[PDB]
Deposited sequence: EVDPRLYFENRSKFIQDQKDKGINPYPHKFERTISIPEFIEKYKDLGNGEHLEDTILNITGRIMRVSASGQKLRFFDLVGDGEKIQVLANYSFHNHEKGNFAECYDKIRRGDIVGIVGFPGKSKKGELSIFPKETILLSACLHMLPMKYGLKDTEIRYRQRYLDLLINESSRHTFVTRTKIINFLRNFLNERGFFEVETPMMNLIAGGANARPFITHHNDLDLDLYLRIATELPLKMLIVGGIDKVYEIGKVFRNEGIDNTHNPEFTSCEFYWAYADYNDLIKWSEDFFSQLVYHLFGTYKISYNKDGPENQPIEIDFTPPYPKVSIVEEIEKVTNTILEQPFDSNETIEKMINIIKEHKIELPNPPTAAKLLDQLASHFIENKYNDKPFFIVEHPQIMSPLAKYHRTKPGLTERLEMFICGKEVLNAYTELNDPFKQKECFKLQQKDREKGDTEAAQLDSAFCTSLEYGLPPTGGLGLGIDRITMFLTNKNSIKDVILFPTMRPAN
């Protein structure tokens, strides 16, 4: 109970009162636990290297019952494990009673050890101490091997999740491996990474309620970025022809499984590229990244929870392209004539929505009805492959350049994986006269457009959702180390 904490705390003072330092300043270890496993895993059973003295550190995770002369522990570090085998005959009795010194050790204690490497008779690789020193004590009782499935402890105290549940470490290692692979993928193709402001006087290139915060001395209100699209395109104007940013953005809406207040986005802008360049980019990149992580283009994913049978997602390129308006017009068996915000085709969409018992949009704007219609009739089209929804109407894509053969449409693409969007890209609108809100946009961006934005293609990736799919998670809370929670 809380008695355990009280008792370990008082134990700590007792050691201080005997002039022992239960938190020493520095311990020079010679080798990591992984390095140890690598160098000594091929020893023979019962074999010892009793003249090779090592200093090693780790956390005690298992304490097995005292024999008269032998003590056994599990020691872990960097997500790996060796055994401690403390034998009375090898103990340097000059530095204290064997029994009392190893009786102090508790599960969760961090120790440093002076000893030699060797194996059990049974063959277990272990370090044989001569001396072990407490280095930092764990004052509470740690959960047991499978005792930590309570989500709240894993998110409000992720150090425990990282210590107990083997998988979580792999999940965040895989997250970093993905961001590394993305950085080096853009870097090898001549792209140039930059940092643009988190605070501005306007929210950027999407639609979302912002976070407001007050700069005091300047007595102004600033808004957290909802995207990076605008300053990065300005940098394209400045002749940084391949540019990207990997960092946080903020959107002040509701938490769910695919949506967190702050999330990690990566945007890139690519001068003289277009829609088709970006299609191939996405095919290239997801296929290579999956193959880089798994040795295959096929992975398995628990779309409907770990309680249910998973599905196979195949990242083999090319992926399918589905035209949003045409495909809605084909599934619904109706025809939507432009303008899409006609009174008549707005009412046609609203009748599709009422007839299929689909919820209707808070304001029934054409863009929001088309969005809802795609959400119900397309976005779960393919669940065994990523696919692209393409050629969105101009009324849904205020910064996408107009389609070069299909009037009213844009050269835009979104990629979906199990029906959740991971990717948003288009041929960038670069005619300042056609960006008709220059008469969530600001004059600095629009003015920059008048200096000549070359024909460019831009892409934005949801890093969190991609990580979810590649680490078999159903909630964004499992790929963010410190998800934000209600108290």
*Do you know which deposited regions have no coordinates at all?*
1-3, 443-457, 506-507
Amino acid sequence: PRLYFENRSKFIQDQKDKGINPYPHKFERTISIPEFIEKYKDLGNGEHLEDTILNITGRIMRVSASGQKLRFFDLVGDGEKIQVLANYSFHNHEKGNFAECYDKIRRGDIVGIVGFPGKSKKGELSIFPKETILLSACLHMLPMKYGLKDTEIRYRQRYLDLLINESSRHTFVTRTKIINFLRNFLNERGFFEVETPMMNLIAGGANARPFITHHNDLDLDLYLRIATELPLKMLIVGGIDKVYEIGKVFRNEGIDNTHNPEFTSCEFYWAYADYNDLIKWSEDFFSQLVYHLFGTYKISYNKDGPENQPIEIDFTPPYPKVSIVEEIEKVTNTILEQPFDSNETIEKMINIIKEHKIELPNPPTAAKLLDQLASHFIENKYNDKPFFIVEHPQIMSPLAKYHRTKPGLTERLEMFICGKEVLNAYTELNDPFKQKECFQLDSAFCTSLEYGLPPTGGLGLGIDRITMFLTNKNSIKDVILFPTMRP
From here on, numbers count along this sequence of modelled residues.
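By rigid core we mean the largest C-alpha set that fits within 1.5 Å across both forms.
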*Core-fitted comparison in 7 other deposited structures of this protein, 105-113 vs 352-360, farther C-alphas*: 352-360
*RMS CA shift, core-fitted in 7 other deposited structures of this protein, bigger for 25-33 or for 64-72*: 64-72
*Would you please confirm whether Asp150 lacks atomic coordinates in a third or more of the other entries that were compared?*
yes
*Decide, for the other PDB entries of this protein that were compared, whether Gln440 is missing from at least a third of their models.*
yes
*Mean C-alpha B-factor higher for 81-89, or for 243-251?*
81-89
*Got a sec? Mean C-alpha B-factor, which is higher, 404-412 or 345-353?*
345-353
*Out of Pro320, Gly190, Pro197, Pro363, residue topping the C-alpha B-factor column of the entry*: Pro363
_Per the entry's Cα B factor values, which of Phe98, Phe185, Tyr301, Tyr272 stands out as the maximum?_
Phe98
*According to the PDB entry, is the CA B factor of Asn55 in the bottom, middle or top third of its chain, that is, lowest, middle or highest?*
middle
*Going by what the PDB entry lists, where does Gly118 fall on CA B-factor within its chain: lowest, middle or highest third?*
highest
*How does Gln372 rank on Cα B-factor within its chain, lowest, middle or highest third?*
middle
*Just say lowest, middle or highest third for the CA B-factor of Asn21 relative to the other modelled residues in its chain.*
highest
*Record-listed C-alpha B factor of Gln435: chain third*: middle
